[PDB]
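**Q** Pasting a structure below so you can have a look.
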Amino acid sequence: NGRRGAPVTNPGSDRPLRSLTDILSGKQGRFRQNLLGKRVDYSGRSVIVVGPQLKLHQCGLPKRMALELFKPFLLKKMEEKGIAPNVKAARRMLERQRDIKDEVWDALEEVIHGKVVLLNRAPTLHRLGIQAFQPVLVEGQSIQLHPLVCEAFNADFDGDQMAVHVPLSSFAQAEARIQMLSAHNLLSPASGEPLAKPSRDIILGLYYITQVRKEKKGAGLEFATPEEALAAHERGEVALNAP
Amino acid sequence: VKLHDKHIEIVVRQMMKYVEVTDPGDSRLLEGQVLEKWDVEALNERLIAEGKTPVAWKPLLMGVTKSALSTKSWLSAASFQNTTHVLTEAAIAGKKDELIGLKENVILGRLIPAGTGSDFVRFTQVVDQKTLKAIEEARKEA
Amino acid sequence: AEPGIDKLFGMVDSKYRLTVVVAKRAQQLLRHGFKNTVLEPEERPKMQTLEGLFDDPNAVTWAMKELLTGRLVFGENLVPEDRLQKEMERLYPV
Amino acid sequence: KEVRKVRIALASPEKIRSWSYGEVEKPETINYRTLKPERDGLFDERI
Amino acid sequence: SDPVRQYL
Amino acid sequence: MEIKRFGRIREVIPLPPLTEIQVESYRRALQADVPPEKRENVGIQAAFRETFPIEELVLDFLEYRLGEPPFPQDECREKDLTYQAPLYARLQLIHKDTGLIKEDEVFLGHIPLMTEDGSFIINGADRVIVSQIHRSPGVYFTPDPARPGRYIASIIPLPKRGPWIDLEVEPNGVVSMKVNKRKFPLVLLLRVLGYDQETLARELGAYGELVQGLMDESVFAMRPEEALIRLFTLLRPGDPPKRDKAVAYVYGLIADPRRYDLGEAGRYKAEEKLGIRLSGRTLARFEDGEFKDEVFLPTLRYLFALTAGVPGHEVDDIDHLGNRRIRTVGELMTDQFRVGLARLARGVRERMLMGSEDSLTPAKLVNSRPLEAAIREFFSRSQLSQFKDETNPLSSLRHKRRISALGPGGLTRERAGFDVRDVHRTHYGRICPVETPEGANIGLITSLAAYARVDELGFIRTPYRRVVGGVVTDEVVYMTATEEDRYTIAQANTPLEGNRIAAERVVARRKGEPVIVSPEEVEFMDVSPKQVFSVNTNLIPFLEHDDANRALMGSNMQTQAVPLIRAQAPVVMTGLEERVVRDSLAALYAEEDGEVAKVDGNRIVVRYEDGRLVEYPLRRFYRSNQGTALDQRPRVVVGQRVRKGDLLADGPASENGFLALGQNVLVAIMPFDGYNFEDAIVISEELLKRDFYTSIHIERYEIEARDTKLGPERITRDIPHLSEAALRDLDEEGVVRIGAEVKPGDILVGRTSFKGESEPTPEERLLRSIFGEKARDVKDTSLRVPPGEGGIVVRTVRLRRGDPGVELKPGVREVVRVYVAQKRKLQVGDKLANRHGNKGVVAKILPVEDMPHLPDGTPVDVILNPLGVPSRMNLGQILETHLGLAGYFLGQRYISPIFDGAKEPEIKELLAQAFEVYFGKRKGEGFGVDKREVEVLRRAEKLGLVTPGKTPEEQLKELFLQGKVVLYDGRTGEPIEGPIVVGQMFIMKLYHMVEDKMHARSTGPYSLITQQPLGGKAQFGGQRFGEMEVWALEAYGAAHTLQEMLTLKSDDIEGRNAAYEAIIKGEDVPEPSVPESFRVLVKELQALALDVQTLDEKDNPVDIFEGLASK
Amino acid sequence: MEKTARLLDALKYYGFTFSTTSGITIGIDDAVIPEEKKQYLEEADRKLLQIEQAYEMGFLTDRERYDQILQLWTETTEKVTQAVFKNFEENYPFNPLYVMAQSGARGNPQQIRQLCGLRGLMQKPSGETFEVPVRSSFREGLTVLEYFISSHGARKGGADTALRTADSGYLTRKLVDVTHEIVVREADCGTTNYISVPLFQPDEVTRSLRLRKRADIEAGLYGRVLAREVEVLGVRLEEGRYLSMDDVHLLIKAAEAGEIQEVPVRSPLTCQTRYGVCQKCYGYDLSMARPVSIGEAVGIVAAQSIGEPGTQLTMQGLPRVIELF
DNA sequence: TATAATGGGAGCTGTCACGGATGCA
DNA sequence: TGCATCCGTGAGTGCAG
Ligand SMILES: Nc1ccn([C@H]2C[C@H](O)[C@@H](COP(=O)(O)OP(=O)(O)OP(=O)(O)O)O2)c(=O)n1
Ligand SMILES: [Mg+2]
Ligand code: NA
Ligand SMILES: [Zn+2]
């Protein structure tokens, strides 16, 4: 439709109808919108937040997100201990909030042991808009980003958000930890330079303590003996660091 | 922007991928026809083999856009740009996409031919010595 | 980082071959109940529950440690596939 | 067997017919009362 | 070029 | 507390009524308040006058009237109606042959009405009609981008009221003309106007360059009506050139003031441009048998004299604000009205020549619907009818003053280049240069300057004082861009003795370039600095110390200020905080002098001196468009004596009548152990304690019960398989009780729908066979609450049909709405911002024992991080703290006028005076200097903040005036090695809270054709893993993780189901099969007659449909 | 990696506690307007009418005037920018702006100059510069008119980051499409062809050879693989060897000495691997500073590596890149 | 199912840049 | 034959919508 001549419009609107080629092609077409990348299950989004207490390979996943993104795993575990008899009743527990009992969460913490999730940030410009983290569960809603990896993501905390995706297979785990964990990707693949490096506060800190005072009092006198220079200094006429 | 020359080369190398014929020697090609530098070098061996004349060819420099569109894999090209022009010319020629690249296999959804999916590494086996010798000894005598 | 990774990449010829050896061994374990492990009980990865310390469930952490011992063999074209998926269901049942 | 290539080519009229399970004869969708598909139109179940 | 003016 | 002002600028006039561009506009189009006789031919009227009278029988227009609305403003908000008035129009039919006279007043529909503040109500949601900017009607010349010495001339009417035309003088000497992109020699056209060879040189007669080239007598050898038919062939390749059809086509394009209208503007602009009076808004006339040109030769006169070099012939700058103009709301809708009217006229004449040409009235010759529909359209799907922004009251006011370049009539995003978006010279004091959005709409959507107004022609004009001699008159006049350019105009703050220009160098603009000029040469003077910026921008204190690119964020970010339950006006104000609460029409004032009768959380009644007893009721806890509690609170007490215009209740985000966008807090500016990192923010738990930054929010949860082809849906308390605990808050009918607590999972309204032809299948008919209950025939469709939502049921609305007053969309029995509330404490993730563009997320809430604190025990509230300031370049927030320090200890607030505020000395003065209170209180209360305050002072001396060899008091004094104080870390008692900046800041809670954005799904809805997961928090989405994310995984080489994304996590229906079964069974997930969306790709290529084919390595097909599409 | 991981958290922990206690802040008084200023401000008007007078007496034209009006004001800005850092380093070496810009924690001289010095010349919509600069600082405060003039600049700059962004994206996407099938498919293609990476730049300043800038040489050499032997300064770099970062620095030295002019390297410009590239012709997997592992999608890495910077390329700018690709 | 009736009607407007196929001194 | 000139095609990510 519309390729040749006027386009076929339903009545009372001017919207060209969507013809077979229009489906196939375009940024909105079948290829670019459903074959070269879909939507996905086991994924979440939230506001990020700096956690400077994290180790390089970690992140702050709020526990309400955690539950869902692992909901199958949590149903099976919920049996193997027995916070429910079978998995179907296990699900009906977590479907209203009240019904979540404490040892549900202790149950979860078993679930996610060892395995990582993925963080994704807004424009995935390079291989590093996605990196792997062991989640540590937390209360509150916000994701905790490690400060060193903010650079690759170009993530400040003006209110940016991030995506979470759970890998599933024992293969998709072994891919995330070996190849895509933050702590293993420290040099840029473009320049080969380091990319997890110190930035704003971290170098502000180490500068301030490795800088050296340069005092202007003594102005560089010529004293032939220590014993008197000291004397001069306890006289108050020459500052400690003046050269 | 410190950025390794090799990346830019990788690309440029794909801009240079193609060549124009300038005398078809003893081949089915045609003066002006374009084709991958690879595929002409390819049969210019089958022709130095049957000892006949070789294709005369000529280097071609294409921009990146035109070079993606001219790829072999019509599944890659249709999913990039100029979707019909690609799609028709492919169906006329009854092209078959070999599924050599990434896009191709991403649209089908198969394990891409890179990383954990490279044939170099995907067929690797692992056995504990307490099982590599458990199967090696029943199978030493018929 | 991952504990011991730097030496892992040393063993294999290409980082991705580690990843599949790990993931494969790491599923050999998930299906067999770990009976085939080539660890001893004190090297056993262990997680800490609210009740008490127990075997690490993450079959991948296992597989990695498992690999560092040297007690595993990796490589291409080493067995018939069907002669392993049974001899191992034999030595350690499902 | 396992997919390994993907061929694209013109469908002959007889081939188009090969695929088809019935001539859509009527420009009808679905019955304004039973909200079920009119037979011989675009949603017919015998096709 | 315009399918009415043609029939007209 | 005291309110100390600064500022030397005696502003002459005040801000004008800030919604006049919305209200003045619509009213000057309705006239519903003018006796029809006294109406004037603009707006709703002029449209009638244009389409009428209808022609062969004839039907002529007498007058229209408007009736009051069938329901009051609030009644429509509830009942999802429109706030509209019935439109009657009196007509008289008269017979083209006999003298017939009938006269009915036929009803045309409902015209929607605009409320007091500038908004509309349309199916019960407030909306705004954003004025639109567009190139204005008129005739222009602009050089040809090809031939550097020849210049296109162009002729442009109002949108869709005539065609564009260019007069490019070709490279072949004789001058061309383009209409519907159809070029041809201009000459042929001048002929048709009755033009003669001689009277061209008799009018051109100077430029033998082309004047003599324009003439080519393969044309002159024809009478006027001869070329008339000549050209009908040139634009209609095929139509029979009858001398009835050609006079009709031309006319219907160039002389028919019914589809060719230059603006009322277009007239004047082309008039003064070509310096000719213009009978009507039309290029040509039909008068006394033939065509009498009006505009073509004058235009042709300019163009020629320019392409030689004549004086007074300048190209025009189409981005000047004299050549652009504003289609205000009233004009925008009469456009849509003039298109409904013209459609109704296709519907009369149709029934004027088929059906009975004598037994006819106006009543039955008019189908009101073509009108009713174009109006319903304008307000319900225009680009320019936007959901109102009533986040806080500033948001609604800033909205009404928006200016879009986009929309029907203007620019398609792709059509938008650079010149449209740039700040033009002539924006000065008409359109704000700050207030605009970051992103793709930058420079298209903008804001009205604060003193600026739109004249009757649609141009923006701004005020200026007239200076004579060198004394400055109190007589103000508003100029259009064009006349401004005529004068030398002194700067807002050029200094004066009394009212004489007291300097000898005065800072002035001549056509927007800055010139230094003596007070002899000075004609006008800016009214104020407030006149150059948005309203919002005028809310930024210390603006002149704020780089522009963050002024803009602090500007926009205000309209996102959630209204806080303890809101307070900023300690440092700019002087508008009061008008804004006024014109926002959200606070509530005193109509005349009087005394106060009663007072109450619900109403405020006041006896007046007129004896009248008005009873202002209080809009208490009303849910805004954006969910933000729009709450009116009372500010007087019984018997209070109130002069006129005093206050009687604070609106939301107003404190005693001042715009309270957020709270004033004790802020320390110092890195804090990582929780400052990259604009993150650390806050004192003592904030949630005193309920600072708390806000109330509401969501509507609506449900219908409808008649079905399987039974009726029922709103019952009787839901199958549900435990009483799971209903302990529902009333008899199935409604939660007003005042319950509801959380995720909880039923809000039980409901039952009937099961289908899957009425229990065997598997199920048996499971019940064991349990003694047989299969039940209805279904739980109860409206639960969504994940991560909830609160306290505050109201319910139940509308059935069969009840009075009520009738809902067909087939729906009953519709129940339950409004839920929440008190939102501040929590870790919410966004805070200040008026200077410092924005950040709350990353950490320390308990007060960890907050840095002053010697005298007081803990700070906010620790911002100094790394924000340097690269950001927004220094105002630095000064705003310092003057906040002083205020904090004097107990004062300040009014620092933009660009004319308190300067550094005036303020370091105020800090001294505070120091006295903070320390002199001390060295008398029995304590001296402290041992840590010295160790810090030791350091300050190495830095250079203090003069060495001075009493500690002397030095602490010196640090203070630098706005710096000693700070003890609460984790150690040890002092901060340095002296810190600590002060009082205005900081809003933004609308973007973690609560509204945390979301996650394991598995949920899928899409009909693709079987890929739905998208969006509200659908219970999946996260779109895009081309760019796939690349990412690709570059890592995570084939299995990517494949997963592309099969079991999205649409590999087989392995997807297979997986989730594998997890709950404790098994590893299964290797996947072909995604379903690829199958759709196959079938969709068959439907295009292409035979796609999966093949194995030996080239024989492979059925990815497992035989289900073979026979 | 494992240790650098622990190293990295380490530098994170202490650097973070230190920043807080040390007590860095910002008060208005910390943008120190160097007194050298009005020496330089005054010295300007005199030299301004010293060219408003080689025109006031019609000496040379308006198109000559404006040209030298802003050759003056540009080298005025430079002067007072320096004065702001001399005044810092000699007198307040620990003032927070100085400290922040100096370590690389924030700021650069040019912004900082606007806090303390003067704002500078501003842009006019067209693209031309106002001959009237804004002499105010941000500490000092801008005149309304000053503020306005300064606005054409930023608006024209926002618009830019918005249209630009769409081309980087689009460009990046073409790049991925034309390279996605490139993977490191085999170990050695046995190719015996390579490329000379010139360490010397055929100048026209002296139109001699000037050694090439270090980083640009690092750019063409780091993590390559030699395809012939090299022997420079008693060292033997063998055929086959992956130039480590130090390998590179040694080759610059030997070039500074005259023993070498162009290293022969195995580039992918010449791998004969079909549909991919060998390990050798590639080189290091820069993310690991070691030989690339067979199966890396280096094409996709390339595309990502080249796209990601254009945002972020201010003109020619990114245009010129697109004109070449 | 019968007076007679015999060629339409709205266009829409301010982007851009490249590459390929068609027309013309 | 060389070069106007027209027609068709593109024009960043995700999220709220
Ligand atoms: N249309 C958009 C809007 C935003 N971004 C991303 C890119 C960046 O992550 C951030 C824009 O950078 P900023 O201007 O917000 O500030 P930076 O933190 O990147 O630089 P600085 O630290 O000086 O503020 O938002 C993007 O890619 N495309
Ligand atoms: Mg950000
Ligand atoms: Na930032
Ligand atoms: Zn090679």
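Naming works like this for the structure tokens: A, B, ... for the chains as they're shown, residue 1 at the start of each chain, ligands 1 onward in shown order.
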Could you tell me, counting only C-alpha atoms (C1' of nucleotides) and all ligand atoms, which protein and nucleic acid residues lie no more than 6 Å from ligand 1, written as a list in words?
**A**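 Residues lying within 6 Å of ligand 1: residues 123, 154, 155 and 156 of chain A; 439 and 871 of chain F.
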**Q** Put those residues in a file: N, CA, C and O atoms, as a PDB file, in the first residue's frame.
**A**
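For reference, result28.pdb as written:
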ATOM      1  N   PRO A 123      21.713   3.777  26.899  1.00  0.00           N
ATOM      2  CA  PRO A 123      22.287   3.439  25.585  1.00  0.00           C
ATOM      3  C   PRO A 123      23.430   2.449  25.672  1.00  0.00           C
ATOM      4  O   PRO A 123      24.543   2.806  26.062  1.00  0.00           O
ATOM      5  N   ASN A 154      28.331   4.961  31.575  1.00  0.00           N
ATOM      6  CA  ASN A 154      28.010   6.381  31.558  1.00  0.00           C
ATOM      7  C   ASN A 154      26.790   6.672  32.438  1.00  0.00           C
ATOM      8  O   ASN A 154      25.875   7.419  32.064  1.00  0.00           O
ATOM      9  N   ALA A 155      26.815   6.085  33.646  1.00  0.00           N
ATOM     10  CA  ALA A 155      25.715   6.125  34.602  1.00  0.00           C
ATOM     11  C   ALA A 155      26.078   7.062  35.756  1.00  0.00           C
ATOM     12  O   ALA A 155      26.972   6.737  36.538  1.00  0.00           O
ATOM     13  N   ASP A 156      25.423   8.248  35.844  1.00  0.00           N
ATOM     14  CA  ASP A 156      25.431   9.066  37.051  1.00  0.00           C
ATOM     15  C   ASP A 156      24.144   8.772  37.818  1.00  0.00           C
ATOM     16  O   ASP A 156      23.487   7.767  37.561  1.00  0.00           O
TER      17      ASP A 156
ATOM     18  N   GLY F 439      16.408  17.361  24.644  1.00  0.00           N
ATOM     19  CA  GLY F 439      15.911  16.301  23.789  1.00  0.00           C
ATOM     20  C   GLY F 439      15.573  16.766  22.383  1.00  0.00           C
ATOM     21  O   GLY F 439      16.077  17.799  21.923  1.00  0.00           O
ATOM     22  N   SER F 871      32.101  21.433  37.250  1.00  0.00           N
ATOM     23  CA  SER F 871      31.894  21.205  35.817  1.00  0.00           C
ATOM     24  C   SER F 871      30.510  21.635  35.373  1.00  0.00           C
ATOM     25  O   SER F 871      30.335  22.002  34.215  1.00  0.00           O
TER      26      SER F 871
END
**Q** Counting only C-alpha atoms (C1' of nucleotides) and all ligand atoms, name the residues that have an atom within 12 Å of an atom of ligand 2; the answer should be given as a PyMOL selection string.
**A** (chain A and resi 47-49+121-123+150-151+153-162) or (chain F and resi 678-680+831+839-841)
**Q** For the residues in that selection, give me C-alpha atoms as a PDB file, in the first residue's frame.
**A**
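result-v5.pdb written:
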ATOM      1  CA  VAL A  47      16.183   3.507  39.623  1.00  0.00           C
ATOM      2  CA  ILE A  48      19.865   3.145  40.402  1.00  0.00           C
ATOM      3  CA  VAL A  49      21.745   4.453  43.353  1.00  0.00           C
ATOM      4  CA  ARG A 121      21.937   0.888  31.021  1.00  0.00           C
ATOM      5  CA  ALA A 122      20.232   3.245  28.826  1.00  0.00           C
ATOM      6  CA  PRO A 123      22.287   3.439  25.585  1.00  0.00           C
ATOM      7  CA  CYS A 150      29.634   3.795  36.418  1.00  0.00           C
ATOM      8  CA  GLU A 151      32.045   4.974  33.720  1.00  0.00           C
ATOM      9  CA  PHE A 153      27.765   2.570  31.583  1.00  0.00           C
ATOM     10  CA  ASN A 154      28.010   6.381  31.558  1.00  0.00           C
ATOM     11  CA  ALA A 155      25.715   6.125  34.602  1.00  0.00           C
ATOM     12  CA  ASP A 156      25.431   9.066  37.051  1.00  0.00           C
ATOM     13  CA  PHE A 157      22.711   9.260  39.734  1.00  0.00           C
ATOM     14  CA  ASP A 158      20.552  12.154  38.351  1.00  0.00           C
ATOM     15  CA  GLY A 159      17.979   9.491  38.416  1.00  0.00           C
ATOM     16  CA  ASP A 160      19.117   7.025  35.686  1.00  0.00           C
ATOM     17  CA  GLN A 161      17.516   3.577  35.570  1.00  0.00           C
ATOM     18  CA  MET A 162      18.801   0.141  34.770  1.00  0.00           C
TER      19      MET A 162
ATOM     20  CA  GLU F 678      27.946  11.303  40.829  1.00  0.00           C
ATOM     21  CA  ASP F 679      25.162  13.548  42.071  1.00  0.00           C
ATOM     22  CA  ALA F 680      23.764  11.027  44.448  1.00  0.00           C
ATOM     23  CA  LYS F 831      14.643  12.334  43.015  1.00  0.00           C
ATOM     24  CA  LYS F 839      19.406  17.104  40.662  1.00  0.00           C
ATOM     25  CA  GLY F 840      20.055  13.770  42.304  1.00  0.00           C
ATOM     26  CA  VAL F 841      18.655  10.565  43.779  1.00  0.00           C
TER      27      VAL F 841
END
**Q** Residues within 12 Å of residue 2 of chain I, please, as a PyMOL selection string. Count only C-alpha atoms (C1' of nucleotides); anything in the same chain fewer than 2 positions from it doesn't count.
**A** (chain H and resi 24-25) or (chain I and resi 4)
**Q** Would you kindly return, as a PDB file with N, CA and C atoms, in the first residue's frame, each protein, DNA or RNA residue with an atom no farther than 8 Å from any atom of residue 92 of chain B, considering only C-alpha atoms (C1' of nucleotides) and excluding same-chain residues fewer than 4 positions away?
**A**
ATOM      1  N   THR B  88      13.254  -8.939  -3.131  1.00  0.00           N
ATOM      2  CA  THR B  88      12.955  -9.356  -4.493  1.00  0.00           C
ATOM      3  C   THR B  88      14.195  -9.959  -5.151  1.00  0.00           C
TER       4      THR B  88
ATOM      5  N   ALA D   9      12.591 -17.812  -2.826  1.00  0.00           N
ATOM      6  CA  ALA D   9      12.351 -17.949  -4.256  1.00  0.00           C
ATOM      7  C   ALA D   9      10.863 -17.781  -4.560  1.00  0.00           C
ATOM      8  N   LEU D  10      10.561 -17.580  -5.844  1.00  0.00           N
ATOM      9  CA  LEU D  10       9.205 -17.243  -6.243  1.00  0.00           C
ATOM     10  C   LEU D  10       8.267 -18.430  -6.123  1.00  0.00           C
TER      11      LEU D  10
END
**Q** Using only C-alpha atoms (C1' of nucleotides), which protein or nucleic acid residues come within 9 Å of residue 27 of chain D? Drop anything in the same chain fewer than 6 positions from it, and give the result as an MDAnalysis selection string.
**A** chainID D and resid 40:42
**Q** Those same residues - N, CA and C atoms - I'd like them written as a JSON list (two decimals), in the first residue's frame.
**A**
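What landed in again19.json:
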[["chain", "number", "residue", "atom", "x", "y", "z"],
["D", 40, "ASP", "N", -16.52, -19.74, 4.27],
["D", 40, "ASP", "CA", -16.03, -19.29, 2.96],
["D", 40, "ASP", "C", -15.50, -17.86, 2.99],
["D", 41, "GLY", "N", -15.42, -17.23, 4.16],
["D", 41, "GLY", "CA", -14.81, -15.94, 4.32],
["D", 41, "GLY", "C", -13.52, -16.02, 5.11],
["D", 42, "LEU", "N", -13.03, -14.84, 5.51],
["D", 42, "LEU", "CA", -11.61, -14.70, 5.84],
["D", 42, "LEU", "C", -11.19, -15.50, 7.08]]
**Q** Got a sec: who's within 6 Å of residue 15 of chain C, counting only C-alpha atoms (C1' of nucleotides), leaving out chain neighbours fewer than 3 positions off, as an NGL selection string?
**A** (:C and (9 or 18)) or (:G and (293))
**Q** Once you have the residues from the selection above, write them out as a CSV table (one decimal), in the first residue's frame, restricted to N, CA, C and O atoms.
**A**
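Below is the file again_36.csv, written as the result:
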chain,number,residue,atom,x,y,z
C,9,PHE,N,41.9,-19.1,32.7
C,9,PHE,CA,42.3,-18.6,31.3
C,9,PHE,C,43.6,-19.2,30.9
C,9,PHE,O,43.9,-19.3,29.7
C,18,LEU,N,37.1,-22.4,27.9
C,18,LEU,CA,36.8,-22.6,29.3
C,18,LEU,C,35.3,-22.6,29.6
C,18,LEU,O,34.8,-23.5,30.3
G,293,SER,N,41.3,-14.5,21.8
G,293,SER,CA,40.9,-15.9,21.8
G,293,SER,C,40.0,-16.2,20.6
G,293,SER,O,39.1,-15.5,20.4
